[PDB]
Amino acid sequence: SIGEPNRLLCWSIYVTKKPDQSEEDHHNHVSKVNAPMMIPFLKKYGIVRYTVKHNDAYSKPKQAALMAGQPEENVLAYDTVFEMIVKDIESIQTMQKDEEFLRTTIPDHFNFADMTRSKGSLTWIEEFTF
């Protein structure tokens, strides 16, 4: 019954925006509509931290200057990345079975995500703050 201790986990979702949609629209929906919607469920299931990472018109010129010289192929091209730190997987498995979470959030994904081109990652992490 003794087991390897639980390490901090990061659950990350990589979102490509809908083809027709504009960057403004995608990013507005995510920060203004989809984020307030998610906050409640994350609190409830004991998510440590929630980070939304934007690669939009504000970051891309900073990105082009920092990575000048690199081929476009060496850039990760997702419009948004959502990241949730949790202490254990069961937090997120239970939230994925939440009928309320699902009927709320799942149809909203069709307003900003191309699901044929989105990805997920569940990692254990080492974090250092300075």
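All residue numbers refer to positions in the sequence shown, first residue = 1.
Asks: With respect to the recorded C-alpha B factors, which stretch has the higher mean value, 111 to 119 or 7 to 15?
Replies: Higher mean C-alpha B-factor: 111 to 119.
Asks: Highest Cα B-factor in the deposition, which of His26, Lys32, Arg49, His54?
Replies: It is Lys32.
Asks: When the deposited Cα B-factors of this chain's modelled residues are ordered and cut into thirds, is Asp98 in the lowest, the middle or the highest one?
Replies: Its C-alpha B-factor belongs to the highest third of this chain's values.
Asks: Quick one: classify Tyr45 as lowest, middle or highest third of the chain based on its Cα B-factor.
Replies: Top third by C-alpha B-factor.
Asks: Is the Cα B-factor recorded for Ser91 in the lowest, middle or highest third of its chain?
Replies: It falls in the top third of the chain.
Asks: State the tercile, meaning the lowest, middle or highest third, of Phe128 with respect to the CA B-factors recorded for its chain.
Replies: Middle third - that is where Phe128 ends up once the chain's C-alpha B-factors are sorted.
Asks: Against its chain's modelled residues, does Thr104's Cα B factor rank lowest, middle or highest third?
Replies: Its C-alpha B-factor belongs to the highest third of this chain's values.
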